[PDB]
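Structure file protein.pdb; described as PDB, C-alpha atoms and all ligand atoms.
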```pdb
MODEL        1
ATOM      1  CA  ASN M   1      60.720 139.712 106.496
ATOM      2  CA  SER M   2      62.523 142.352 108.577
ATOM      3  CA  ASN M   3      63.078 145.811 106.992
ATOM      4  CA  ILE M   4      66.571 146.159 108.507
ATOM      5  CA  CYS M   5      69.809 144.091 108.198
ATOM      6  CA  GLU M   6      70.142 141.648 111.039
ATOM      7  CA  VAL M   7      73.866 142.403 111.403
ATOM      8  CA  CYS M   8      74.253 146.257 111.122
ATOM      9  CA  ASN M   9      70.587 147.214 111.889
ATOM     10  CA  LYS M  10      70.301 149.569 108.864
ATOM     11  CA  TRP M  11      67.985 149.593 105.834
ATOM     12  CA  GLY M  12      69.233 149.361 102.302
ATOM     13  CA  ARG M  13      69.462 146.723  99.554
ATOM     14  CA  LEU M  14      68.496 143.656 101.576
ATOM     15  CA  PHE M  15      68.224 139.968 100.768
ATOM     16  CA  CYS M  16      65.558 138.104 102.616
ATOM     17  CA  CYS M  17      65.759 134.613 104.048
ATOM     18  CA  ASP M  18      63.102 132.197 102.725
ATOM     19  CA  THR M  19      62.966 130.137 105.947
ATOM     20  CA  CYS M  20      62.952 132.811 108.623
ATOM     21  CA  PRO M  21      62.133 136.536 108.795
ATOM     22  CA  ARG M  22      65.776 137.890 108.809
ATOM     23  CA  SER M  23      67.277 140.064 106.115
ATOM     24  CA  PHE M  24      70.840 140.995 105.214
ATOM     25  CA  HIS M  25      72.978 143.274 103.240
ATOM     26  CA  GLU M  26      74.971 141.329 100.678
ATOM     27  CA  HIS M  27      78.329 141.630 102.467
ATOM     28  CA  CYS M  28      76.907 141.712 106.063
ATOM     29  CA  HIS M  29      75.916 138.041 105.649
ATOM     30  CA  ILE M  30      78.771 135.599 105.958
ATOM     31  CA  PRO M  31      79.374 133.980 103.526
ATOM     32  CA  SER M  32      78.286 136.880 101.174
ATOM     33  CA  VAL M  33      74.724 136.391  99.988
ATOM     34  CA  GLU M  34      74.653 133.758  97.235
ATOM     35  CA  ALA M  35      73.783 134.977  93.638
ATOM     36  CA  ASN M  36      70.879 132.694  92.770
ATOM     37  CA  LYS M  37      69.549 129.862  95.102
ATOM     38  CA  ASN M  38      65.728 129.923  95.465
ATOM     39  CA  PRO M  39      64.749 129.265  98.141
ATOM     40  CA  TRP M  40      67.675 130.862 100.073
ATOM     41  CA  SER M  41      68.287 129.964 103.730
ATOM     42  CA  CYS M  42      70.528 132.253 105.887
ATOM     43  CA  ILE M  43      73.315 131.192 108.254
ATOM     44  CA  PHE M  44      71.034 131.230 111.245
ATOM     45  CA  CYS M  45      68.695 128.716 109.522
ATOM     46  CA  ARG M  46      71.610 126.588 108.347
ATOM     47  CA  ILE M  47      73.075 126.416 111.884
ATOM     48  CA  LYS M  48      69.653 125.463 113.281
ATOM     49  CA  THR M  49      69.338 122.618 110.728
ATOM     50  CA  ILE M  50      72.753 121.174 111.858
ATOM     51  CA  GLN M  51      71.474 120.915 115.445
ATOM     52  CA  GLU M  52      68.115 119.430 114.371
ATOM     53  CA  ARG M  53      69.808 116.779 112.262
ATOM     54  CA  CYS M  54      72.089 115.750 115.231
ATOM     55  CA  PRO M  55      70.605 116.751 118.625
ATOM     56  CA  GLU M  56      73.563 115.186 120.479
ATOM     57  CA  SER M  57      75.847 117.871 118.893
ATOM     58  CA  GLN M  58      74.475 120.035 121.735
ATOM     59  CA  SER M  59      75.953 117.823 124.482
ATOM     60  CA  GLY M  60      78.946 119.473 126.216
ATOM     61  CA  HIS M  61      82.388 119.499 124.613
ATOM     62  CA  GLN M  62      85.875 120.302 125.825
ATOM     63  CA  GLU M  63      87.431 123.426 124.288
ATOM     64  CA  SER M  64      90.719 121.550 123.580
ATOM     65  CA  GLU M  65      88.931 118.956 121.436
ATOM     66  CA  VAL M  66      86.895 121.662 119.602
ATOM     67  CA  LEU M  67      90.025 123.578 118.681
ATOM     68  CA  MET M  68      91.686 120.537 117.085
ATOM     69  CA  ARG M  69      88.806 119.838 114.713
ATOM     70  CA  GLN M  70      89.464 120.084 111.065
ATOM     71  CA  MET M  71      87.716 122.824 109.178
ATOM     72  CA  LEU M  72      85.247 120.480 107.374
ATOM     73  CA  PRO M  73      81.986 122.198 106.020
ATOM     74  CA  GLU M  74      80.090 122.130 109.262
ATOM     75  CA  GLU M  75      82.989 123.622 111.330
ATOM     76  CA  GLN M  76      83.580 126.176 108.587
ATOM     77  CA  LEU M  77      79.936 127.194 108.852
ATOM     78  CA  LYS M  78      80.084 127.483 112.624
ATOM     79  CA  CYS M  79      83.186 129.739 112.429
ATOM     80  CA  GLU M  80      81.387 131.952 109.825
ATOM     81  CA  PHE M  81      78.466 132.215 112.209
ATOM     82  CA  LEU M  82      80.602 133.037 115.248
ATOM     83  CA  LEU M  83      82.346 135.765 113.154
ATOM     84  CA  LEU M  84      78.933 137.003 112.145
ATOM     85  CA  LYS M  85      77.866 137.209 115.792
ATOM     86  CA  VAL M  86      80.846 139.524 116.513
ATOM     87  CA  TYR M  87      79.966 141.812 113.562
ATOM     88  CA  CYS M  88      76.394 142.008 114.970
ATOM     89  CA  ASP M  89      77.721 144.042 117.934
ATOM     90  CA  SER M  90      78.086 147.687 117.022
ATOM     91  CA  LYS M  91      81.384 147.839 118.921
ATOM     92  CA  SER M  92      82.882 145.541 116.280
ATOM     93  CA  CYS M  93      83.487 148.688 114.157
ATOM     94  CA  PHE M  94      86.627 149.356 116.194
ATOM     95  CA  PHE M  95      88.072 145.987 115.146
ATOM     96  CA  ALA M  96      86.804 145.646 111.521
ATOM     97  CA  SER M  97      89.463 147.334 109.466
ATOM     98  CA  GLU M  98      93.208 147.465 109.442
ATOM     99  CA  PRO M  99      94.513 149.353 112.440
ATOM    100  CA  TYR M 100      97.542 151.579 112.898
ATOM    101  CA  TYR M 101      99.679 152.249 115.896
ATOM    102  CA  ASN M 102     101.271 155.544 116.904
ATOM    103  CA  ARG M 103     100.695 156.368 120.536
ATOM    104  CA  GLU M 104     103.164 157.928 122.970
ATOM    105  CA  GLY M 105     104.485 155.224 125.300
ATOM    106  CA  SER M 106     103.304 152.183 123.242
ATOM    107  CA  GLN M 107     104.621 150.007 120.506
ATOM    108  CA  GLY M 108     102.324 148.360 117.934
ATOM    109  CA  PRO M 109     101.780 144.537 117.998
ATOM    110  CA  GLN M 110     104.138 142.170 116.200
ATOM    111  CA  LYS M 111     101.165 140.612 114.400
ATOM    112  CA  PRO M 112      98.289 142.918 113.678
ATOM    113  CA  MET M 113      94.878 141.361 113.144
ATOM    114  CA  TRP M 114      91.396 142.630 112.340
ATOM    115  CA  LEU M 115      87.910 141.220 111.610
ATOM    116  CA  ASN M 116      87.994 141.841 107.810
ATOM    117  CA  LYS M 117      91.255 139.990 107.547
ATOM    118  CA  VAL M 118      89.737 136.991 109.412
ATOM    119  CA  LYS M 119      86.708 137.282 107.115
ATOM    120  CA  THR M 120      88.947 137.024 104.057
ATOM    121  CA  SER M 121      90.932 134.166 105.543
ATOM    122  CA  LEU M 122      87.730 132.141 106.077
ATOM    123  CA  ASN M 123      86.474 132.946 102.635
ATOM    124  CA  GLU M 124      89.760 131.803 101.059
ATOM    125  CA  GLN M 125      89.803 128.637 103.260
ATOM    126  CA  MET M 126      93.136 129.414 104.891
ATOM    127  CA  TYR M 127      92.309 127.831 108.225
ATOM    128  CA  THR M 128      92.689 124.077 108.352
ATOM    129  CA  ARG M 129      91.539 123.732 111.990
ATOM    130  CA  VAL M 130      89.142 125.614 114.302
ATOM    131  CA  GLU M 131      92.189 126.587 116.382
ATOM    132  CA  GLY M 132      93.468 128.784 113.473
ATOM    133  CA  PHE M 133      90.344 130.851 113.423
ATOM    134  CA  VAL M 134      90.015 131.120 117.242
ATOM    135  CA  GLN M 135      93.684 132.134 117.622
ATOM    136  CA  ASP M 136      93.344 135.032 115.182
ATOM    137  CA  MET M 137      90.043 136.154 116.814
ATOM    138  CA  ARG M 138      91.656 136.147 120.299
ATOM    139  CA  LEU M 139      94.700 137.930 118.919
ATOM    140  CA  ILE M 140      92.557 140.914 117.843
ATOM    141  CA  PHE M 141      91.548 141.538 121.444
ATOM    142  CA  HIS M 142      94.908 140.747 122.926
ATOM    143  CA  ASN M 143      96.675 143.203 120.643
ATOM    144  CA  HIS M 144      94.145 145.887 121.640
ATOM    145  CA  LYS M 145      94.679 145.285 125.436
ATOM    146  CA  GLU M 146      98.386 145.438 125.167
ATOM    147  CA  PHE M 147      98.483 148.612 123.024
ATOM    148  CA  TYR M 148      95.976 150.714 124.921
ATOM    149  CA  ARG M 149      97.479 149.791 128.358
ATOM    150  CA  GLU M 150      95.712 151.885 130.959
ATOM    151  CA  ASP M 151      93.627 153.973 128.635
ATOM    152  CA  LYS M 152      90.010 153.250 129.357
ATOM    153  CA  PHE M 153      89.644 152.463 125.638
ATOM    154  CA  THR M 154      91.058 149.017 126.528
ATOM    155  CA  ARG M 155      87.578 148.154 127.767
ATOM    156  CA  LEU M 156      86.214 147.964 124.250
ATOM    157  CA  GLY M 157      88.529 144.942 123.705
ATOM    158  CA  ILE M 158      87.148 143.322 126.864
ATOM    159  CA  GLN M 159      83.610 143.922 125.827
ATOM    160  CA  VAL M 160      83.870 142.624 122.270
ATOM    161  CA  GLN M 161      85.974 139.614 123.501
ATOM    162  CA  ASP M 162      83.136 138.696 125.903
ATOM    163  CA  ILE M 163      80.698 138.630 122.949
ATOM    164  CA  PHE M 164      83.092 136.410 121.071
ATOM    165  CA  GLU M 165      83.602 134.031 124.008
ATOM    166  CA  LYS M 166      79.888 133.657 124.868
ATOM    167  CA  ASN M 167      79.070 132.870 121.321
ATOM    168  CA  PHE M 168      81.953 130.451 120.989
ATOM    169  CA  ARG M 169      80.695 128.518 124.041
ATOM    170  CA  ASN M 170      77.108 128.499 122.622
ATOM    171  CA  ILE M 171      77.856 127.588 118.981
ATOM    172  CA  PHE M 172      80.369 124.856 119.679
ATOM    173  CA  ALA M 173      78.438 123.607 122.772
ATOM    174  CA  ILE M 174      81.322 123.865 125.166
ATOM    175  CA  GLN M 175      80.648 122.026 128.494
ATOM    176  CA  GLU M 176      79.250 124.425 131.062
ATOM    177  CA  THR M 177      81.541 124.974 134.164
ATOM    178  CA  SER M 178      81.631 127.039 137.385
TER
HETATM  179 ZN    ZN M 201      74.072 145.180 107.139
HETATM  180 ZN    ZN M 202      66.958 132.382 108.011
HETATM  181 ZN    ZN M 203      72.880 112.001 114.774
ENDMDL
END
```

So that I can check it, write out the structure of this file as structure tokens.
Amino acid sequence: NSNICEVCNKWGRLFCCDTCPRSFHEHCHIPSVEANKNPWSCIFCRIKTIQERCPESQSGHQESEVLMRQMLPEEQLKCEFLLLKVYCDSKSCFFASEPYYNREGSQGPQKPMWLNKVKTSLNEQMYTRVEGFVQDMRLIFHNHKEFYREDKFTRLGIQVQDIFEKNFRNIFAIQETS
């Protein structure tokens, strides 16, 4: 097993996966690491098993059809994983916790959004469709672009959104296009 958390790259109280060499802090893993369960398989292993059980799940999909899927167990798991992939980028720190807005020449967004709020929403099963989750995720970056305007800090929103969008396309096997 690794000696650092796969998500935040720090040592600490880690839980180790029984089917691969990754380790996690308790609340870095999504869902939070389960109390008992021996053996324990992490989210990366569980996502890999889904593909192995149904190889055709990797054939290309249209984004519009993906978004309308109901949040059944396997879609729930894929959203958890995609959220996890965002938290794996160190730049996610800027978007994790509840923001505030007081900048000369800007007004705060009508609907603030942050990664820990989306984490809670998934945990409490508040999204009925994939679209719910993806809308909130995109809203995080949109709110950041609009607020920071021409400050170069707007780029952080672009950069973390690109991580989100690449992972979305990979996890949900969106049809490759030019
Ligand atoms: Zn961690
Ligand atoms: Zn694993
Ligand atoms: Zn099959």

Find the residues of chain M that sit at most 7 Å from ligand ZN 202 (chain M); for each, write down the nearest two atoms and how far apart they are in Å, to one decimal. Count all atoms listed in the file. Sort by chain, then by number going up, and give it as a Markdown table.
```
| residue | atom | partner | partner_atom | distance |
| --- | --- | --- | --- | --- |
| M:17 | CA | M:ZN202 | ZN | 4.7 |
| M:18 | CA | M:ZN202 | ZN | 6.5 |
| M:19 | CA | M:ZN202 | ZN | 5.0 |
| M:20 | CA | M:ZN202 | ZN | 4.1 |
| M:21 | CA | M:ZN202 | ZN | 6.4 |
| M:22 | CA | M:ZN202 | ZN | 5.7 |
| M:41 | CA | M:ZN202 | ZN | 5.1 |
| M:42 | CA | M:ZN202 | ZN | 4.2 |
| M:43 | CA | M:ZN202 | ZN | 6.5 |
| M:44 | CA | M:ZN202 | ZN | 5.3 |
| M:45 | CA | M:ZN202 | ZN | 4.3 |
```

Proximity check chain M to ligand ZN 203 (chain M), 7 Å, nearest pairs one decimal Å, only C-alpha atoms and all ligand atoms, as CSV:
```
residue,atom,partner,partner_atom,distance
M:53,CA,M:ZN203,ZN,6.2
M:54,CA,M:ZN203,ZN,3.9
M:55,CA,M:ZN203,ZN,6.5
M:56,CA,M:ZN203,ZN,6.6
```

ask   = So which residues get picked by the PyMOL selection byres (((chain M and resi 90) around 10) and not hetatm) here, written as a list in words?
value = residues 7, 8, 9, 86, 87, 88, 89, 91, 92, 93, 94 and 160 of chain M

Please, could you write that set of residues out with C-alpha atoms as a compact mmCIF listing (two decimals), in the coordinates of the input?
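Written file, result10.txt:
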```txt
# COMPACT_ATOMS: atom_id res chain seq x y z
CA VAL M 7 73.87 142.40 111.40
CA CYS M 8 74.25 146.26 111.12
CA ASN M 9 70.59 147.21 111.89
CA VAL M 86 80.85 139.52 116.51
CA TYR M 87 79.97 141.81 113.56
CA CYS M 88 76.39 142.01 114.97
CA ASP M 89 77.72 144.04 117.93
CA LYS M 91 81.38 147.84 118.92
CA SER M 92 82.88 145.54 116.28
CA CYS M 93 83.49 148.69 114.16
CA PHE M 94 86.63 149.36 116.19
CA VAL M 160 83.87 142.62 122.27
```

ask   = Interatomic distance between CA of residue 121 in chain M and CA of residue 52 in chain M?
value =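 These two atoms are separated by 28.6 Å.
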
Polymer residues at most 10 Å from residue 101 in chain M, all atoms listed in the file, same-chain spacing of 3 or more positions, as JSON, numbers by chain = {"M": [104, 106, 107, 108, 109, 112, 147, 148]}

Prev. selection, C-alpha atoms, output as a tab-separated table (two decimals), keeping the file's coordinate frame:
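Result file follows (selection_35.tsv):
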```tsv
chain	number	residue	atom	x	y	z
M	104	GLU	CA	103.16	157.93	122.97
M	106	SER	CA	103.30	152.18	123.24
M	107	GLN	CA	104.62	150.01	120.51
M	108	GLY	CA	102.32	148.36	117.93
M	109	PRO	CA	101.78	144.54	118.00
M	112	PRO	CA	98.29	142.92	113.68
M	147	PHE	CA	98.48	148.61	123.02
M	148	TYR	CA	95.98	150.71	124.92
```

Contacts between ligand ZN 201 (chain M) and chain M, please, where a residue of chain M counts if it comes within 10 Å (with all atoms listed in the file); show its shortest atom pair and distance in Å to one decimal, rows by chain and ascending number, as a tab-separated table.
```
residue	atom	partner	partner_atom	distance
M:4	CA	M:ZN201	ZN	7.7
M:5	CA	M:ZN201	ZN	4.5
M:6	CA	M:ZN201	ZN	6.6
M:7	CA	M:ZN201	ZN	5.1
M:8	CA	M:ZN201	ZN	4.1
M:9	CA	M:ZN201	ZN	6.2
M:10	CA	M:ZN201	ZN	6.0
M:11	CA	M:ZN201	ZN	7.6
M:12	CA	M:ZN201	ZN	8.0
M:13	CA	M:ZN201	ZN	9.0
M:14	CA	M:ZN201	ZN	8.0
M:23	CA	M:ZN201	ZN	8.6
M:24	CA	M:ZN201	ZN	5.6
M:25	CA	M:ZN201	ZN	4.5
M:26	CA	M:ZN201	ZN	7.6
M:27	CA	M:ZN201	ZN	7.2
M:28	CA	M:ZN201	ZN	4.6
M:29	CA	M:ZN201	ZN	7.5
M:87	CA	M:ZN201	ZN	9.3
M:88	CA	M:ZN201	ZN	8.8
```
